[PDB]
Every structure is written in structure tokens, then in C-alpha cells.
Amino acid sequence: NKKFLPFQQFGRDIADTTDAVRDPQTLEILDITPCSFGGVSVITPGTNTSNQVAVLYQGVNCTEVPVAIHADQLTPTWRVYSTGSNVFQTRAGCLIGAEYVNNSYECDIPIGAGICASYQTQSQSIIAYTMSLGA
Amino acid sequence: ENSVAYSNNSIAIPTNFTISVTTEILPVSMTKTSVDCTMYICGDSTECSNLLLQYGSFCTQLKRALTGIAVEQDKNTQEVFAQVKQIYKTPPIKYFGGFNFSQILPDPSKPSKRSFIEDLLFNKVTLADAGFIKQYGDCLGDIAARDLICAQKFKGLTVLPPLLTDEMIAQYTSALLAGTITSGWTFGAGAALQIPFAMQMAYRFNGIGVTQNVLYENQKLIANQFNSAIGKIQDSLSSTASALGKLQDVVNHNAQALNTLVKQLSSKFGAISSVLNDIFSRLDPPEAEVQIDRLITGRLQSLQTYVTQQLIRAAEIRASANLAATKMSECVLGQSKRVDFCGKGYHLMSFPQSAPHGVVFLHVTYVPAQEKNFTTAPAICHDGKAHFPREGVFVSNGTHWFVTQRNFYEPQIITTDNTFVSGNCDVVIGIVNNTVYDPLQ
Amino acid sequence: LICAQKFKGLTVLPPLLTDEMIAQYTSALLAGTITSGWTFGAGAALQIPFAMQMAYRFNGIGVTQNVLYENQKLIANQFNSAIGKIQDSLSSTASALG
Amino acid sequence: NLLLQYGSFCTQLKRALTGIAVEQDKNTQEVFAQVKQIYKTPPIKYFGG
Amino acid sequence: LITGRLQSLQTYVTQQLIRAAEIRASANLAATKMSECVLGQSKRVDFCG
Ligand SMILES: *[C@@H]1O[C@H](CO)[C@@H](O[C@@H]2O[C@H](CO)[C@@H](O)[C@H](O)[C@H]2NC(C)=O)[C@H](O)[C@H]1NC(C)=O
Ligand SMILES: *[C@@H]1O[C@H](CO)[C@@H](O[C@@H]2O[C@H](CO)[C@@H](O)[C@H](O)[C@H]2NC(C)=O)[C@H](O)[C@H]1NC(C)=O
Ligand SMILES: *[C@@H]1O[C@H](CO)[C@@H](O[C@@H]2O[C@H](CO)[C@@H](O)[C@H](O)[C@H]2NC(C)=O)[C@H](O)[C@H]1NC(C)=O
Ligand SMILES: *[C@@H]1O[C@H](CO)[C@@H](O[C@@H]2O[C@H](CO)[C@@H](O)[C@H](O)[C@H]2NC(C)=O)[C@H](O)[C@H]1NC(C)=O
Ligand SMILES: *[C@@H]1O[C@H](CO)[C@@H](O)[C@H](O)[C@H]1NC(C)=O
Ligand SMILES: *[C@@H]1O[C@H](CO)[C@@H](O)[C@H](O)[C@H]1NC(C)=O
Ligand SMILES: *[C@@H]1O[C@H](CO)[C@@H](O)[C@H](O)[C@H]1NC(C)=O
Ligand SMILES: *[C@@H]1O[C@H](CO)[C@@H](O)[C@H](O)[C@H]1NC(C)=O
């Protein structure tokens, strides 16, 4: 929506980054954003115990991670997590492959925003919950 | 300047005293950060991947070092705050010998249980503007000027959220304050054991060389002085907008480092330009490889310098955090005898409060005043036997002699159960004659 | 050699506090501790005879006041001998600073 | 002119270097200056031998 | 030549910044010792003599 001046052609932001450009034909200033990307983290309970892992995409809402894996061309072993089998959106991006219980416990494997993940035998799996300070 | 009327038989003794509230601030953690390698180095080009992988896995060292810094940060914060294994709740009754506590106690009537003073600090800083990706990735359509944090994120420089959120930190501070208000310092050793506040204050005065009888007889004055001090510190902190300094210094330092790094991207490095696609397409591979090599080397060197500087600042923050933890463990959970270590003057107690990137201690102390002149002597010889005080000193307004304490004028008569004897009275240098009392005669 | 370093841009700035006023602070602190014991650390200065302060400090380390009033001369003599010895030792070895 | 390509690099160096310059003064001021007044001994001096 | 000299200056600045923190720690220790063992009597053994 931000307006230009009749002579003004394209916008720039601090640290010489291009943000918005006026189209030559319609003379309307459209906004340009860098393509989606991020970092991946692997939540693991230990090789000796189990082989079930959770994945964490940092700093992004993951309504678009299945397409991210489709374009990045990772194996269907990654596409299974790209599909929303078990998706939870925390403050630190989102985690895929972990059920979110509604009770509280202590913390063993940190993630962020005061949310932890741990392996529990009920139906052994990788649960994810909210930190509890103590009794 | 201030001269002193020194002598060899004169002594001054304070008559009155005051309670003052002192404030101090300590940083405990910087902002954690991460870094992307390939998108920073040249910005999404395949030839980059083809040409830089043989330069070495330097970004592996970068990632591991910066991850070590990140984990050290939340290690510091959890070591400095998480020192109580329970959570303590104040009772609905809030009468403590007339000691008002509305300002610092947590407020149920507020979103998030953040007390008044810490709310005041949080609104005084108002320069972090969160920035810990409070569900970021919403700056896709930048109708506004895009700010600065999103742009810094879009150059491969991310920031991770801290492990501990603010409200749980506030809960920890509330637990500490409740424990130190309701059960003395016993909860520092084991399970909390309740003691009424007045006798806890009596204990603390008994710690600093003064007997309980001074407190139980002047409770109302103590309450009034305490409340007035709390109001005064409220007003003083609300007034000045530049009393913090250190936290702003840390934030500005980190911002300057990031800004220098992002500005360094537009260096020519003795080459044609800072553009990648033009240099690759216009030139031919034999010279394009030379130019790309020079750019990569320059940018790697700059990134290495930034990493080293961040590593350096981490150690200073670590030292400050360790000292803060020691002070929190000693001044709060006990009563330190180290002068000028938990506030000026004799120390009574301290309360902690949270702050967006650190802690703030309120020290409640003791300060004598209204001194008076008197004449003294080391001992009194009676019936050829010297006599020395039990714990006080001998004083006299000119006519009669008395034993008194060392920080509050309170005369008493020279009785045989308030002194002791050693040898004859021909050896000491300042003997003065008087009488003594035996109560049973 | 300082001039040569200067003509390469390696300017050395002078410290804000000159030595004389540093000595003035040290003398003020020494006067405070000699004439007022410790009370001037917390509040204002309070005069008190020196023997009283030494008796207090002995009372601190597990010894009653009745050791000082009949050992004053020995205390003074040993103190003076020790301070003369420290003067001589400091004047002798120039490598103890390190 | 060629350093202008590197631009404010030594400006950054100066900004970094001034910090320790002020820090030294802060250190000395903190370590010594901790007295509100400037006392002085009485002219007559006999401190019990 | 420019790059080499700039690199040398940078490493010198880094080394000086390194020494500054050590001097800061020593100054903190000295301030603590003067505040404790001069303005009062310390119960800690071997902290002061
Ligand atoms: C010690 O000082 C306090 C205040 O500095 C004195 O209390 C004040 O006394 C005056 C005299 O009547 C009153 O007008 C004030 O209202 C008192 N203040 C408070 C807070 O109650 C106190 O009297 C002094 N102690 C002695 C023994 O004189
Ligand atoms: C502790 O001090 C606070 C200071 O605000 C007192 O709060 C005041 O309470 C009165 C009671 O009617 C109100 O009229 C005021 O408006 C309150 N102050 C403010 C700024 O709103 C509190 O009452 C004191 N504690 C006790 C037990 O009296
Ligand atoms: C020194 O203080 C003592 C104690 O307060 C004074 O002695 C008493 O003074 C009152 C008031 O004049 C008399 O009613 C008492 O009879 C006195 N008691 C005794 C045992 O004499 C004394 O007057 C004060 N002296 C000076 C010079 O101030
Ligand atoms: C304290 O009282 C005693 C007792 O009178 C004084 O001792 C006298 O000292 C003189 C000095 O030679 C002798 O001549 C007297 O014989 C002593 N008295 C007795 C009863 O033998 C002593 O001087 C007094 N001290 C002070 C400081 O007044
Ligand atoms: C991602 O989550 C945020 C926060 O809940 C929301 O505002 C946004 O609309 C989500 N993304 C999409 C594509 O819906
Ligand atoms: C979890 O518990 C909260 C209680 O505040 C409730 O609001 C929420 O619906 C619960 N969610 C599930 C999935 O049980
Ligand atoms: C105090 O010192 C002065 C000066 O030396 C001396 O004249 C006086 O006798 C001393 N006081 C006593 C009680 O000896
Ligand atoms: C004690 O006496 C001296 C000398 O007469 C005087 O200078 C000093 O002010 C007196 N003390 C007080 C507290 O007034």
C-alpha cells in the first residue's frame, strides 16, 4: 500500500535492501519478500532406547512445510513428516511428530518458549509439554 | 574536606538511626543468536556451493561455537534464578508488623502476575521491543517500512527465543520474595519454617551489634521510615529515564555488532563490486573464480572477526552473571557481614526483582546519625582491682559513669554482673576511679 | 623512542587522575582509618581513642581486651620494628614488584 | 580513496578502542574514589606509642 | 599491502581487548579487597595476609 512519488521508481530499505518495486506497466508498487527458508533441528530420545524422532522447523509458521520438502526434494522419509500427521505450532517455529499432552512435568530436553519434549511410555512415544517449575 | 576532633579520651556515639533503600542492577544474559552460512556468503547461487565447499567446513566451527554461546546463556540464567526447589504462596493475610508490601508483591489483578515495580522497569526500558521472534515470519507484506529486525533476519542472521519466558521468571522472583518474607532465611537450608516478621527483624538487629530492645520499642517509627523509603524509591525510579545504562549498553553493543556485520556486505574487497550475479555472468570462469575467491576470503575473514568479538563479550557477561548469582545467594538468603557488599552501611536484607535482561536488587540497610560527644576511659580501678566492660564501653556526661552499647546511646549502672576483672590497677594507662555495684548486697 | 611511536599515529592519552590527587585520596583514607576505625565506612566519621579500636579488633579475633592494656609497649615496639624491617626490605629488593 | 572501498572499518576500530580508554578511567575511579569528604590528621600525633 | 596492514592492526586490537578484561578482573578483586579489609575486619582466612 505504501505510496511512491511520480518520479520515484523503486524503493530501498536500510542496509541497502530492495523492498518494493513499481511495475512498469500498471505503475503500481508491489512488495517483494525473500523466499521462505529456515533451520531444521532433530529431537532424538537416544539411539539405544528408540528410533522415533521429531523434527523442528525454526522461526516459521509451517502451513507450508509440505511444499517446502516437495521443492527441496527430500526423501519420502521426510515427506511423511512434511505431511501434517502431528503438527504443533509453538513460539519457536513448529514441531512435527510429537503429541502435545496437557499435563505438566519437569524438563529434560529443551526447545524454547518454556516448552519441553520427553519420551514416555503411554503407548511409548515422544510427548511434548509445557515446563512446570516445581511442586 | 572535613577535619576530625581527634583526642585520646573523647568518643562520639550515635543517638538515632535511619533505614534507607538502595537500588542496584546486574545484567545476567545477552541475546542468543544463530547464523546461516550459504545465504550470507553469497545469497542463493549454485556456483557458490560448487566453489566454497573445498574452502573447508569453517561454518561448522562457527555453528558449534555460537551454539556453545547460546547454551551458555540459558545455563547462566537458570543457574542464577533456579535456586529454590518449590513455589511458595503468600497467605491472604498481608499484615506484617505494619510493613507495607503492596509495591513489590505480585498483583493477581493483572494479565501475567508481574508486580508493580517490575512493570515500571519493563515500561521504562521499552527498547527491546521483544524481537525474540514473537511469532515472526509475519512480515511478508511490509506495508510499513519493514523495521530493521526482519531485514536482519532475511540476511541469514536469526535470533533464537530464550529458554525461560518472562512470566515464569516473575513466578520465581515471587517465590523468592515470599520465602524471604515469611520464613526468614531457614528455607535456604531446608524446609521453610514460619516466623512472625517482627522477631525476624529482632534477629537481624541482634546480628548487627544491637540488642532487640531497640526495635520492639520503636516499631512504628521503623514502619513509617520503611514505607517512606519505598515511596521515595518508587518516585525516584519513575522519574529518571537514564538510571539503567548497563542493559541499554549491552543491547546497543549487540545491535552495533550486527549492524557492522550487515554493512560490511557491501565491500568491494579490491574487486569490481559486491554483486554476485553480474560478476559471474559478465566475466569468464578463469577470472570469475579469482574474483569469487577474493570475495569469499574477505567475507569469511569479516565473519570470523565478528564471531571472535561475540565470544569475547560472552565471557564478560558470564563473569557478571556469576557475581550476580553469588550476591543473590548471600545477601538475600542470609545476612552478609562483608561491608559494602550488599549496599552501603550495615546490611539488613534485600529483595530481588526481574528486568528484561537482568536482575535488580533492593537493599534495606541501617545508617546511624545524630551523634553526641562524651569522655571515656579504658577501665575502672576499684579496691585495687581493675574492671573491664562485658561488651559495651565506659562513657560519662561529666559526672557519672555508665556502660553503653556501641551503636545506640543507652546508659546503665556499673554492676558486677556487667563487667569483669583482671589483675591490679597499677599497669593500665587510662584508669579512672569510680564505684561498682553488687546487686545482692 | 616515544617520539618515533608518536609520529606513527600511536598517540598515548594521559590519564584523567594525576598521581598527586591519588595520593590525596590515599591519605584521606588512611586518616579515616587511623582516627575513626570503621564507622566512617558506613556513616560519618566518629572519633575514638586508638587503644579502644585495637581492643575492639582483638575482641574480634577470639581474644579479650585484657591482653592489650598490659602489652601496649611490646605491641608498639614490635609494630615499629616490623615497619622498619618492611622499609628496609622494600628498599633492598627491586625485583619484588613483579 | 582505496580504503573508502573498505569504508568505515577503521572507524569501527576507533569505536572499539575508545571503550577500554574510558574503562581504565572508570576502573581507577571505582577502586579509589569511595569517600565523600577529604579528612586530614590533627597536627599533634601521639597514637599510644 | 592494504589488506595485510589492516589485518595486523585488527589482530593488535583484538589482543589489547583481550588484556583489558584481565585487567578489569584484577581491578575488581583489588576494589573488593580494599573495600573489605580496609574499611572493616574480615573473618575470611588468608584473604588478607
Ligand atoms: C529519630 O529521628 C526521627 C525522625 O528523623 C524522629 O521522629 C520524628 O520526631 C519528630 C519530632 O516530634 C516528629 O515530628 C516526626 O513525625 C517523627 N518522625 C517519625 C517518622 O515518626 C525521632 O524522634 C528521633 N529519635 C529521637 C530519640 O529523637
Ligand atoms: C501501601 O501503600 C500503597 C501505596 O499506593 C497503598 O495504596 C493506597 O491505598 C489507599 C487505600 O484507600 C488508596 O486510597 C490509594 O489510592 C492507594 N494508592 C494508590 C497509588 O493507588 C496501600 O493502601 C498501602 N497499604 C496499606 C495496608 O495501607
Ligand atoms: C548526666 O546524666 C545523669 C543521668 O541522666 C544525670 O544524673 C541525673 O540527673 C537528673 C536530672 O538532673 C537528676 O534528677 C538525677 O538525680 C541525677 N542522678 C544522679 C544519680 O545524680 C546527670 O545530672 C547528668 N550530668 C550532666 C553534667 O549532664
Ligand atoms: C584513685 O584512688 C586511689 C585511692 O586513693 C589513688 O591512690 C592514691 O595514689 C597516691 C599517689 O601516690 C597515693 O599517695 C595514695 O596513698 C593513694 N591512695 C591510697 C588510699 O593509698 C589514685 O591516685 C586515684 N587515681 C586517680 C586517677 O584519681
Ligand atoms: C501462521 O500462524 C500465525 C499465528 O497464529 C497466523 O497469524 C498466520 O496466519 C499463520 N499462517 C497462515 C498461512 O495461516
Ligand atoms: C488443555 O487444557 C486447557 C485448559 O486450560 C484447555 O483449555 C484445552 O482445551 C485443553 N486442550 C486439550 C487438547 O485437551
Ligand atoms: C593525650 O595526648 C596529649 C598529647 O600528648 C597528652 O598531653 C595527654 O596526657 C594524653 N592523655 C592522657 C590521658 O594521657
Ligand atoms: C565534639 O567536640 C568537638 C570539639 O569541641 C567539636 O568540634 C565537635 O563538633 C563535637 N561533636 C559534635 C557531634 O558536635
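Please note: Cβ atoms are built from the backbone with ideal geometry, for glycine as well, and neighbour counts cover all protein chains shown. What follows draws every value from the coordinates through simple rules; no lab data is involved.
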Do we find that B:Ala314 is part of a helix (DSSP H, G or I), within 30 Å of B:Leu105 (Cα to Cα) and small (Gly, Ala, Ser) in this structure? no
Candidates D:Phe32, D:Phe47, filtered to the one that is under 30 Å from E:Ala25 (Cα atoms) and hydrophobic (A, V, I, L, M, F, W, C): D:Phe32
Tell me whether the range B:218-235 contains one or more residues that are of a type outside the set (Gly, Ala, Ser) and under 30 Å from B:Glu316 (Cα atoms). yes
Do we have B:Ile13 as within 30 Å of D:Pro42 (Cα to Cα), away from chain D (no Cβ under 14 Å) and away from ligand 2 (no atom under 16 Å from the Cβ) here? yes
So, in the range B:422-441, exactly how many residues are away from ligand 4 (no atom under 11 Å from the Cβ), of a type outside the set (S, T, N, Q) and surrounded by fewer than 16 Cβ atoms within 10 Å (Cβ to Cβ)? 7
Just to be sure, is D:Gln24 away from ligand 3 (no atom under 16 Å from the Cβ), surrounded by 14 or more Cβ atoms within 10 Å (Cβ to Cβ) and within 18 Å of E:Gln15 (Cα to Cα)? yes
Checking E:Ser8, E:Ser42, E:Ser35 in turn, the sole residue that is part of a helix (DSSP H, G or I) and within 12 Å of chain C (Cβ to nearest Cβ) turns out to be E:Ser35
Scanning the range B:276-296 residue by residue, those of a type in the set (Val, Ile, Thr) and either surrounded by 13 or more Cβ atoms within 10 Å (Cβ to Cβ) or in contact with a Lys or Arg (Cβ under 8 Å, 6 or more places away or on another chain) (or both) turn out to be B:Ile279, B:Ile292, B:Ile296
If you take just the helices (runs of 4 or more DSSP H) that sit entirely in the range B:166-227, which of them hold at least 2 residues that are of a type in the set (D, E, K, R)? B:166-182
For B:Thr23, work out the one condition from (1) outside any loop (DSSP other than H, G, I, E, B); (2) within 16 Å of ligand 4 (Cβ to nearest atom) it doesn't fulfil. (2)
Return yes or no: is A:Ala68 within 16 Å of the chain's Cα centre (by Cα) and away from chain B (no Cβ under 12 Å)? yes
With (1) under 19 Å from the mean Cα position of the chain (by Cα); (2) part of a helix (DSSP H, G or I); (3) more than 10 Å from chain D (Cβ to nearest Cβ) as the list, and C:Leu97 as the residue in question, which single condition is left unmet? (2)
Among the listed residues A:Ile43, A:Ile96, A:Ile14, identify the single one that is among the aliphatic types (A, V, I, L, M), more than 30 Å from B:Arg146 (Cβ to Cβ), touching a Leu at 6+ places or on another chain (Cβ under 8 Å) and surrounded by 13 or more Cβ atoms within 10 Å (Cβ to Cβ). A:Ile43
Quick one: would you say B:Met30 is in a helix (DSSP H, G or I) and away from ligand 5 (no atom under 16 Å from the Cβ)? no
Identity of the residue in the range B:106-124, surrounded by fewer than 17 Cβ atoms within 10 Å (Cβ to Cβ) and hydrophobic (A, V, I, L, M, F, W, C), that ends up farthest from ligand 1 (Cβ to nearest atom): B:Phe122
If a residue has to be in a loop (DSSP other than H, G, I, E, B) and either over 22 Å from A:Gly84 (Cα atoms) or more than 23 Å from the chain's Cα centre (by Cα) (or both) to count, how many in the range A:20-61 make the cut? 14
What number of residues within the range B:146-164 satisfy the criterion of being facing another protein chain (nearest Cβ under 7 Å) and more than 19 Å from the chain's Cα centre (by Cα)? 8
How many residues are among the β-branched types (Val, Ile, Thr), more than 16 Å from ligand 2 (Cβ to nearest atom), away from chain D (no Cβ under 14 Å) and crowded, with 16+ Cβ neighbours inside 10 Å when one looks only at the range B:216-275? 1
Exactly one condition in (1) facing chain A (nearest Cβ under 10 Å); (2) buried (at least 19 other Cβ atoms within 10 Å of the Cβ) is false for B:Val80; which is it? (1)
Mind checking which residues of the range C:54-70 are surrounded by 18 or more Cβ atoms within 10 Å (Cβ to Cβ) and either within 14 Å of chain E (Cβ to nearest Cβ) or outside any loop (DSSP other than H, G, I, E, B) (or both)? C:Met54, C:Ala55, C:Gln65, C:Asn66
Any chance B:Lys85 is closer than 30 Å to B:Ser174 by Cβ, basic (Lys, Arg) and either assigned to a loop (DSSP other than H, G, I, E, B) or within 16 Å of ligand 3 (Cβ to nearest atom) (or both): yes
Need a quick list: strands (runs of 3 or more DSSP E) entirely within the range B:333-441 having at least 2 residues that are within 16 Å of ligand 3 (Cβ to nearest atom), under 46 Å from the mean Cα position of the chain (by Cα) and at negative phi. B:358-376, B:393-396, B:401-404
Considering residues of the range B:361-397 that are within 30 Å of B:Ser20 (Cα to Cα) and among the polar types (S, T, N, Q) only, the residue farthest from ligand 5 (Cβ to nearest atom): B:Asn373
Just name the residue that is nearest to ligand 7 (Cβ to nearest atom) out of those in the range B:359-370 that are surrounded by fewer than 19 Cβ atoms within 10 Å (Cβ to Cβ) and at the interface with another protein chain (Cβ under 9 Å from one of its Cβ atoms). B:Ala369
Select, from C:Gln78, C:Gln72, C:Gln53, C:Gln65, the only residue that is out of contact with any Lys or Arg (no Cβ under 7 Å at 6 or more places or on another chain) and over 30 Å from B:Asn373 (Cα atoms). C:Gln78
